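Enquirer: Okay, here's the structure, questions in a sec.
Chains as they are written, first to last, in the authors' numbering: chain 1, 57 to 213, 232 to 279; chain 7, 1 to 123; chain 3, 1 to 231; chain 3', 1 to 231; chain 3'', 1 to 231; chain 2, 1 to 43, 53 to 159, 174 to 269. A prime marks a further copy of an entry chain.
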């Protein structure tokens, strides 16, 4: 009971499994929202493709959680929840679509037009997700150039480490009735390891 | 978020009575006490009056004793600092703070108001 | 084909699941890991690391380095504690900004013991004695020395040893306590009083400071992973 | 039926997967393979094969056979190297067109050692000595003999042995280097100077040439399969 | 992929199935259970607990405590039973409100034995004898002492022992009986008569009461889970 | 965290004579190993005593107004004999550090110094998108060093945007005037690589800020000096380039 000696502390462990590293990040959080579309008209801005650089730094939730440490290695599991809808108030029709998601490994050619050769990538992976089924899921292992991913980099050469870039377009061609879609990406850092912790970023980013 | 709105400040006369008040949000005022800290231009954090909501047991600073009167309201969650008979030394930017409780010490509190400026104007 | 039946739950996406999916880059040579010093295994470990408490979060002293400086001034022996603190984690603005608290704002419960270490930062020659007091949960804040004296207290001597360590035990109703403000489960108080007084020789500055630290113990655990991140 | 549950990733197509699908032609007699000489097991093997470097890609000499002919002319002993080369693969137009480079434009990194072999193609009677020099990464290009002399260099004698082999070691910061132009990871320099000079007897043509070769070693490896094919 | 075939029944939802689905909170520390006295294993156990029968559900006595008080008044020795009860669970308003009946309104059948315990609540000095009678299923209600006397009956003496226990056996056509009103399977009757009469000494109140209890036995079982919950 | 109480005064003067240097430490005992790791060799040219010996940086005045001070490694020791040389003549280089910070005062002075060694200590400029920002030269103030303020490193924000109170996560010791006179911090090589380029990347960062103010008895010494002695531990470099003599 009442006691304030100075011992080490008191007793031994008391169950701390749900607090451990692996279990701390076992949750996949939103990382970005990509917006494509299948227009019949020549809209050059929203033009089929949507390019996004793979970075946690965009959102806040998964960002601050990773900042308690300086170094990390992690098997990056990604899932894609695609959702579509018609834009115009018309009883127009559309056939179930197909989208092409592309995990382009860091340091490769970033696609510009949805017509270029770099959209065929003999070497780069691709995912053909047909709409109306279970969301797509890929696993990208530790793709770091160093022995660890550096959250805060001190010195000169913020590009961070570069986890690559995601590109998505509608595979199905020009249908009179324009359908817009939104791809939500989630990141689950399985098999995660960390080194040298810092005080947490108090303020806003 | 606990809010304390320091209300009742201004530039009155030497001997001019001036009451103070603070709206206590975020908690049950009874679990906490409430006090007052003044700081003269470029001086230090100094105490004046503080009492506990439950026991209503008074405590004043020696220099302010008599002229100042502290009183709590458990209905409106407000404190009333009746700074009567003011003096040119009472010219210090006031502050109110809810205590754990109870008495005028160094800091010993946690929730601090923005700061109301009272100036005991004298001819 | 092998007779299989699709049960409920097919084609859904559980964010917290754990499934084996296709690996986008076959045969990719992963760079081997090196023993970089400081590998962390669990969050509770970062808590067992003493972190300085910002005691004086006063109007001007908050969000400045002064919040960490508790100054023993030249005032009368009034049993008014020099400092008092609520053992109520996120239900008190002081224990919240500590690395310890920073771990607690990510869970719902917290168990085990905690340790407050006070380091005196005054002249070698300076001497005196203080009484660090603890008042278990539910009990009223000890406002007098005599009052604080009755309960669990350490009589910390400045003259001899510079640092005091008071381990707050596990005197709790529920096996798991609320990190939130609850009266059913409310912390208690840790307060310091002038056992004796401060004695300084010659003309050495009569006002020095004391720092405070807080950490967890081996028996300290947490549960129900939650969050609080805004934009 | 056996209770099965469809998880995320069903009905998708991963281009880089590896699954067992139906075989369109059952019982088809596949023609047995014969040991045709020259079976290749891995790409790194084609790199360990010396390939002639086109050193002189000058305005007129580029895209012609002359790009392979480095000519030792009759000019003054100026410590101006006869040839200098950047040990920066795709970040230098010379190492790029070699079979070695042709393998490197399909990856992101490259590790290990490399070997430059110089074969002299002049009269038997002709003699002289040259200094093949190496300057590790980050160091400034050796523009004088004295400068180049200080670092790793081989003193190649024409008079005796016709072919020099200088193995460029693994003096690299990162365990894996950039095949791209980076200052964080930049190659270095391989340059040749007139140790002595060229001595020819009688009236034998005073201008001959030297060829260069490049290859990889057993410790040379690559990673992250990428491409660059245009239309 | 492994050749699988989706049979009928896929994508349907059977409310009473039993499948292994994903666990929303991985590694969550579940609070260990403690042996809190009174753990229940099966519903039949709550039935083997004697519960007081509200015998007198008369116009005024129903929905009041008087429904539990069977009063032996000062009336003539008429072989008119003091009380009669139908051994027909939900087909009789009296056996229904007992904990026993409360278990039976959740099933379709009921088997085994039952036990009726009568506790006399009169003056120690008071004496007399009563005849508790049982008439097996299908038989007509015993309306006379002589009639009730012939069948299974216990001659319960007030003077000596205060509590009588009459275990109603398993004299049933079907191996499983209807909890509903059926003539194919109808209970029977449990009735009490004045064997002798009530004898009270001095001027002690001439009217006392008797309480009744009912419970199940080890051989008592139920089947076909049904419900009856309204709004 | 550093709740120790050696003795209080002085007992034993035991000098650390490594190579050409000599130290004469206050004692010897009471040292903190960063994370529990000793500077080890890569599992190369190992100069040992040639490179592995004590070098002393410039002494700085601690005053009642001081806000703090900071240095970078190997950066500071870039102008130190053989270790200064080997740093520019090689493309590689990994090294450990025995940061031995000394501060002497009398039984009459009071205050508290916290020597914080922050691995990969980038300094304040809230551009998350574009860090590094401040020029190579500003970021590298050599052996003279940089200073905290009330290139701009805010003291309570440890000069990086995080509350000073949590600084206690990095390896450290508190030179508390009434007790310890010396601070010993052995920092093993910490970086994302096995070995790297020293000239560009800064491994550690020694930051000494005042936790308690300085108060001197009546009239005495208006200020007290703090000294930083640093030493390269178990170092290796690959591979000599045209010993490009300056």
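C-beta: ideal position from N, C-alpha, C; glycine also.
#1: Expressed to the nearest angstrom, what Euclidean distance is found between the alpha-carbon atoms of residue 36 (chain 3) and residue 141 (chain 2)?
#2: With a cut-off of 8 Å, does the C-beta of residue 68 (chain 3) fall near any C-beta of chain 2?
#3: Taking residue 147 (chain 2) as part of the alpha helix (DSSP H), name the residues at either end of that continuous run.
#4: Along the chain, where does the alpha helix (DSSP H) that runs through residue 117 (chain 1) open and close?
#5: Which residue or residues does DSSP assign as beta-bridge partners of residue 78 (chain 2)?
#6: Identify whether residue 189 (chain 2) lies in helix, strand or coil by the three-state DSSP scheme.
#7: Considering residue 221 (chain 2), what are the terminal residues of the alpha helix (DSSP H) in which it resides?
#8: Go through the region 106 to 149 of chain 2 residue by residue and report every complete run of the beta strand (DSSP E) that reaches 3 residues or more, in order.
#9: Using the rule of at least 16 other Cβ atoms within 10 Å of the residue's Cβ for burial, across every protein chain shown, is residue 265 (chain 2) buried or exposed?
#10: With DSSP collapsed to three states, give me the class of residue 95 (chain 2).
#11: Quick one: residues in its chain with C-beta nearer than 6 Å to the C-beta of residue 125 (chain 3), no 5 flanking neighbours on either side, listed in chain order?
#12: When the distance is taken between beta carbons, is residue 212 (chain 3'') closer than 8 Å to residue 170 (chain 3'')?
#13: Would you call the CB atoms of residue 237 (chain 1) and residue 167 (chain 1) closer than 8 Å?
#14: I want to check one thing, is the minimum distance from the CB of residue 106 (chain 3') to the heavy atoms of the ligand ADP below 7 Å?
#15: Quick test of your reading: residue 64 (chain 3'') and residue 99 (chain 3''), contact by CB under 8 Å. State the CB separation rounded to the nearest angstrom.
#16: Pairs of beta-carbons, one from the region 224 to 231 of chain 2 and one from the region 82 to 93 of chain 2, closer than 8 Å: are there three or more?
#17: How many Å lie between residue 4 (chain 3') and residue 221 (chain 3) at the Cα?
#18: Out of 16 (chain 3'), 11 (chain 3'), 6 (chain 3'), 71 (chain 3'), which one is the CA nearest neighbour of residue 179 (chain 1)?
#19: Looking only at its own chain, which residues have a Cβ that is under 7 Å from the Cβ of residue 97 (chain 3), when we skip the five neighbours before and after it?
#20: Would you say residue 192 (chain 3) reaches chain 1, if we count a Cβ-Cβ gap shorter than 8 Å as a contact?
#21: Exposed or buried, what is residue 43 (chain 3'') when buried is set at 16 or more other beta-carbons lying within 10 Å of its beta-carbon?
#22: CB-CB under 6 Å to residue 102 (chain 7), same chain, minus the five flanking residues each way: which ones, in chain order?
#23: Out of 139 (chain 1), 122 (chain 1), 182 (chain 1), 91 (chain 1), state which residue places its alpha-carbon closest to the alpha-carbon of residue 111 (chain 1).
#24: Using DSSP's beta-bridge definition, name the partner residues of residue 71 (chain 3'').
#25: List, in chain order, every chain 3'' residue whose beta-carbon is nearer than 7 Å to that of residue 192 (chain 1).
#26: Return no unless some Cβ of chain 2 is closer than 8 Å to the Cβ of residue 275 (chain 1).
#27: Does any CB atom of chain 3'' fall closer than 8 Å to the CB of residue 74 (chain 1)?
#28: Name the chain 3' residues whose beta carbon is nearer than 9 Å to that of residue 219 (chain 2)?
#29: Name the residue from 66 (chain 2), 98 (chain 2), 121 (chain 2) whose alpha carbon lies nearest to the alpha carbon of residue 238 (chain 2).
#30: Closer than 9 Å by beta-carbon distance: list the chain 2 residues that pair up with residue 109 (chain 1), in chain order.
#31: Closer than 7 Å, Cβ to Cβ, to anything on chain 3: give me those residues from the region 71 to 105 of chain 7, in chain order.
#32: Mind reading off the beta-carbon distance from residue 179 (chain 3') to residue 107 (chain 3')? Whole number of angstroms is fine, and I expect it under 8 Å.
#33: When DSSP labels each residue in this structure, what does residue 84 (chain 2) get in the three-state scheme?
#34: Per DSSP, what kind of secondary structure is residue 163 (chain 3) in: helix, strand or coil?
#35: Skipping 5 residues on each side, what residues in its chain have a beta carbon closer than 6 Å to that of residue 123 (chain 3)?
#36: Determine, using beta carbons only, whether residue 241 (chain 3') comes closer than 8 Å to chain 1.
Expert: Taking the structure as given:
#1: The residue you call residue 36 (chain 3) lines up with position 36 of the third chain. The residue you call residue 141 (chain 2) lines up with position 132 of the sixth chain. Distance from the CA of residue 36 (chain 3) to the CA of residue 141 (chain 2), rounded to the nearest whole angstrom, comes to 23 Å.
#2: Sequence index remark: in the third chain, residue 68 (chain 3) carries index 68 (1-based). Residue 68 (chain 3) counts as touching chain 2.
#3: The residue given as residue 147 (chain 2) occupies position 138 in the sixth chain. First-last of the alpha helix (DSSP H) with residue 147 (chain 2): 145 to 148.
#4: On the first chain, residue 117 (chain 1) is found 61 positions in, with the first residue counted as 1. 117 to 122 is the span of the alpha helix (DSSP H), which, as asked, contains residue 117 (chain 1).
#5: Translated into positions along the sixth chain, residue 78 (chain 2) becomes position 69. Residue pairing by DSSP places residue 78 (chain 2) opposite 231 (chain 2) in a beta bridge.
#6: Residue mapping note: residue 189 (chain 2) aligns to position 166 of the sixth chain, counting from 1. DSSP places residue 189 (chain 2) within a helical segment (H, G or I) once states are collapsed to three.
#7: Position 198 of the sixth chain, counted from the first residue, corresponds to residue 221 (chain 2). Where residue 221 (chain 2) is concerned, there is no enclosing alpha helix (DSSP H), given that its DSSP letter is neither H nor E.
#8: Along the region 106 to 149 of chain 2, the beta strand (DSSP E) occurs as fully enclosed runs of 3 or more residues at 118 to 126, listed in sequence order.
#9: Start at 1 with the first residue of the sixth chain, and residue 265 (chain 2) comes out as number 242. Label assigned to residue 265 (chain 2): buried.
#10: Your numbering for residue 95 (chain 2) matches position 86 in the sixth chain. In the displayed model, residue 95 (chain 2) falls within a helix according to three-state DSSP.
#11: In the third chain, the residue the question calls residue 125 (chain 3) occupies position 125. Once the five neighbours on either side are set aside, the close Cβ partners of residue 125 (chain 3) are 201.
#12: The residue you call residue 170 (chain 3'') lines up with position 170 of the fifth chain. The residue you call residue 212 (chain 3'') lines up with position 212 of the fifth chain. The Cβ-Cβ distance between residue 170 (chain 3'') and residue 212 (chain 3'') does not fall below 8 Å.
#13: Mapped onto the first chain, residue 237 (chain 1) falls at position 163. Mapped onto the first chain, residue 167 (chain 1) falls at position 111. The beta carbons of residue 237 (chain 1) and residue 167 (chain 1) sit no closer together than 8 Å.
#14: Of the ligands one can find in the structure shown there are none, so the ligand ADP has no counterpart to examine.
#15: As a position in the fifth chain, residue 64 (chain 3'') is number 64, starting the count at 1. As a position in the fifth chain, residue 99 (chain 3'') is number 99, starting the count at 1. Between residue 64 (chain 3'') and residue 99 (chain 3'') a beta carbon distance of about 20 Å is seen, past the 8 Å cut, so the two are scored as non-contacting.
#16: Proximity of the region 224 to 231 of chain 2 to the region 82 to 93 of chain 2 meets the contact definition, three or more beta-carbon pairs being nearer than 8 Å.
#17: Locating residue 4 (chain 3') in the fourth chain gives position 4, where the first residue counts as 1. Locating residue 221 (chain 3) in the third chain gives position 221, where the first residue counts as 1. Put simply, the backbone Cα of residue 4 (chain 3') is about 37 Å away from that of residue 221 (chain 3).
#18: On the first chain, position 123 is the one that residue 179 (chain 1) refers to. Looking at the Cα atoms, 16 (chain 3') is the closest of the given residues.
#19: By one-based count along the third chain, residue 97 (chain 3) stands at place 97. A distance below 7 Å between beta-carbons, with the five flanking residues on each side excluded, links residue 97 (chain 3) to the following residues of its chain, in chain order: 54.
#20: Along the third chain, read from residue 1 onward, the residue named residue 192 (chain 3) stands at position 192. False, the Cβ-Cβ gap to chain 1 never drops below 8 Å.
#21: Residue mapping note: residue 43 (chain 3'') aligns to position 43 of the fifth chain, counting from 1. Classification for residue 43 (chain 3''): exposed.
#22: Translated into the one-based positions of the second chain, residue 102 (chain 7) becomes position 102. So the qualifying residues of the chain are 33, 52.
#23: For this step, residue 111 (chain 1) is matched to residue 55 along the first chain. Considering only alpha carbons, the answer is 122 (chain 1).
#24: In the fifth chain, residue 71 (chain 3'') corresponds to position 71, counting from 1. DSSP, once it has assigned bridges, lists 209 (chain 3'') as partnering residue 71 (chain 3'').
#25: Counting from one through the first chain, the residue named residue 192 (chain 1) turns up at place 136. By Cβ distance, chain 3'' contributes nothing, its closest Cβ being about 17 Å from residue 192 (chain 1), past 7 Å.
#26: On the first chain, position 201 is the one that residue 275 (chain 1) refers to. Closer than 8 Å: yes.
#27: Translated into positions along the first chain, residue 74 (chain 1) becomes position 18. It does; some Cβ of chain 3'' falls within 8 Å.
#28: As a position in the sixth chain, residue 219 (chain 2) is number 196, starting the count at 1. Within chain 3', the residues near residue 219 (chain 2) are 173, 174.
#29: Against the sixth chain, residue 238 (chain 2) aligns to sequence position 215. Out of 66 (chain 2), 98 (chain 2), 121 (chain 2), the CA that lies nearest to the CA of residue 238 (chain 2) is found in 121 (chain 2).
#30: Sequence index remark: in the first chain, residue 109 (chain 1) carries index 53 (1-based). Those do not exist, as residue 109 (chain 1) stays about 12 Å from chain 2 at its closest Cβ, beyond 9 Å.
#31: From the region 71 to 105 of chain 7, only 95, 100, 101, 102, 103, 104, 105 have a Cβ closer than 7 Å to chain 3.
#32: Here residue 179 (chain 3') refers to the residue found at position 179 of the fourth chain. Here residue 107 (chain 3') refers to the residue found at position 107 of the fourth chain. Indeed, because the Cβ distance is near 6 Å, the residues count as touching under 8 Å.
#33: Within the sixth chain, the letter at position 75 stands for residue 84 (chain 2). Three-state result, residue 84 (chain 2): helix.
#34: As a first step, residue 163 (chain 3) is located in the third chain; it is residue number 163 there, counting from the start. Secondary structure of residue 163 (chain 3) (DSSP, three-state): strand.
#35: Position 123 of the third chain, counting from 1, holds the residue named residue 123 (chain 3). Same-chain partners within the cutoff: 204.
#36: For chain 3', the structure presents residues 1 to 231; residue 241 (chain 3') sits outside this window and is missing.
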